[PDB]
> 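Dumping the structure here so I can ask a few things about it.
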Amino acid sequence: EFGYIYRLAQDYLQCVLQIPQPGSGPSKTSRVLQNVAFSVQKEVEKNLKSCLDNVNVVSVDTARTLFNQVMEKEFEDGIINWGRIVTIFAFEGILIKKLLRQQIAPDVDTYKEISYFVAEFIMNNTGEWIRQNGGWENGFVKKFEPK
Ligand SMILES: *CCC(=O)N(c1ccc(O[C@@H]2CC[C@@H](NC(=O)N[C@@H]3CCS(=O)(=O)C3)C2)c(Cl)c1)[C@@H](C)c1ccc(Cl)cc1
């Protein structure tokens, strides 16, 4: 469901921005996802250090355009798997870091619009596959939770 995925995307951005929501904290699924997607994010950032400077993420519309282009490329072969889904979260982490630095008239609520378009992409493009492969709780978590 959209709301569940939106919460994962918002939790991940709040984790990257070092502002986890005060309170009882993220779910077990969200905690597992943060760990595994951050490992991906850091390696992507290291490998792509040169080209990450080729954009200036001045607005949320710039971030959405980059997101659409990168994800159309990422899924061009039609293969959906958990690795690619994790990479979506790693990529929104890179985008939010660039927006924090580069957004004109920064808006501390920006991570909520990025979470929305991330959830929209995941739902509409990978949602069926996710359900058929166990959902987050019987698919993703079972595969990636600590040994
Ligand atoms: C030098 C690249 C470049 O100019 N840009 C770019 C392109 C793609 C990016 O990220 C995608 C998402 C992470 C990485 N994909 C994978 O690692 N996928 C493997 C194979 C499938 S898997 O098993 O799931 C893992 C490539 C980035 Cl971060 C950057 C630009 C288009 C660019 C530059 C800066 C920003 Cl902020 C956005 C885009």
Side-chain angles (χ1 to χ4, degrees), residues 2-6 8-23 25-27 29-127 129-137 139-141 143-144:
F2 192 103
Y4 191 92
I5 302 170
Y6 174 89
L8 294 176
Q10 190 182 76
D11 286 352
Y12 188 76
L13 292 196
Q14 288 169 334
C15 178
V16 170
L17 288 177
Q18 300 224 62
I19 55 155
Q21 185 73 28
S27 67
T29 299
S30 186
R31 290 160 174 274
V32 173
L33 178 61
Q34 287 167 37
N35 168 57
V36 302
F38 184 66
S39 177
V40 172
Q41 186 186 322
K42 283 190 300 176
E43 184 65 9
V44 171
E45 290 187 60
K46 177 173 172 223
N47 299 345
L48 301 189
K49 59 172 61 79
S50 175
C51 65
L52 289 181
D53 192 43
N54 293 354
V55 300
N56 183 345
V57 191
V58 303
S59 65
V60 169
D61 282 1
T62 301
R64 193 182 264 201
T65 300
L66 289 170
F67 180 86
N68 288 343
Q69 297 168 338
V70 167
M71 299 298 153
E72 176 172 19
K73 181 59 169 179
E74 194 63 43
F75 287 87
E76 71 176 357
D77 304 301
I79 298 167
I80 304 168
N81 55 41
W82 284 115
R84 280 190 171 79
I85 295 163
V86 166
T87 293
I88 300 174
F89 290 91
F91 187 75
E92 66 153 11
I94 293 175
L95 285 180
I96 206 65
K97 285 174 63 168
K98 296 275 293 173
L99 275 161
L100 181 68
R101 291 267 344 245
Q102 296 184 318
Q103 185 179 40
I104 193 168
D107 182 344
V108 293
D109 282 300
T110 296
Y111 69 85
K112 301 180 185 182
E113 273 193 78
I114 302 315
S115 297
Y116 180 96
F117 66 69
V118 166
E120 175 185 47
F121 179 89
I122 291 171
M123 272 308 293
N124 291 334
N125 293 289
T126 76
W129 183 96
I130 291 170
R131 170 189 80 253
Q132 288 171 2
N133 288 281
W136 299 92
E137 295 174 358
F140 176 72
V141 164
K143 178 164 154 35
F144 288 87

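In what follows, residues are counted from 1 in the order of the sequence shown.
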> Measuring only between side-chain heavy atoms, which start at C-beta, is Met71 closer than 4.5 Å to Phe117?
no
> Specify whether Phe67 and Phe91 have parallel, tilted or perpendicular ring planes, treating 30° as the upper limit for parallel and 60° as the lower limit for perpendicular.
tilted
> If you round to the nearest 0.5 Å, how far is CD1 of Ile130 from CD1 of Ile85?
4.0 Å
> Using side chain to side chain contact (heavy atoms under 4.5 Å, CB included), reason through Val118 and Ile122 one step at a time and then give a plain yes or no.
CA-CA 6 Å; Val118 166; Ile122 291 171; 3.8 Å; yes
> Can you find a pair of side-chain heavy atoms, one from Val86 and one from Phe140, that are under 4.5 Å apart?
yes
> Rounded at 0.5 Å granularity, tell me how far OG1 in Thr126 sits from CZ in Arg131.
11.5 Å
> Check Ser115 against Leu13 and note the closest heavy-atom contact, atom names and distance.
OG-CD1, 3.9 Å
> When rounded to the nearest 0.5 angstrom, what distance separates CG in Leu8 from CD1 in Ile88?
11.5 Å
> Rounded to the nearest 0.5 Å, what's the gap from CD on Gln41 to CD1 on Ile96? Could you check?
11.0 Å
> Where does the angle between the aromatic ring planes of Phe89 and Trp136 fall among parallel (under 30°), tilted (30 to 60°) and perpendicular (over 60°)?
perpendicular
> Is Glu76 salt-bridged to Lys73, cutoff N-O under 4.0 Å?
yes
> Take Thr65 and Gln69 through the test side chain to side chain donor-acceptor pair (under 3.5 Å) and record every step on the way to the result.
CA-CA 6 Å; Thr65 300; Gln69 297 168 338; 5.9 Å; no
> With no hydrogens and no angle check, is any side-chain donor or acceptor of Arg84 less than 3.5 Å from a backbone partner on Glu74?
yes
> For a 4.5 angstrom cut-off between non-hydrogen side-chain atoms, does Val60 reach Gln103?
yes
> Could you tell me the separation between the NZ atom of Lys42 and the CG atom of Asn47, rounded to the nearest 0.5 Å?
12.5 Å
> Report yes if some heavy atom in the side chain of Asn68 is under 4.5 Å from a heavy atom in the side chain of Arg64; otherwise report no.
yes
> Quick one: pull up CD in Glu120 and CZ in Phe2 and give me the separation to the nearest 0.5 Å.
6.5 Å
> Does CD in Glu72 sit with more than 12 non-hydrogen atoms of other residues, nucleotides or ligands closer than 6.0 Å?
no
> Are more than 12 heavy atoms from other residues, nucleotides or ligands located less than 6.0 Å from atom CD of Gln102?
yes
> So do the side chains of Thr62 and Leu66 get within less than 4.5 Å of each other, counting heavy atoms only?
yes
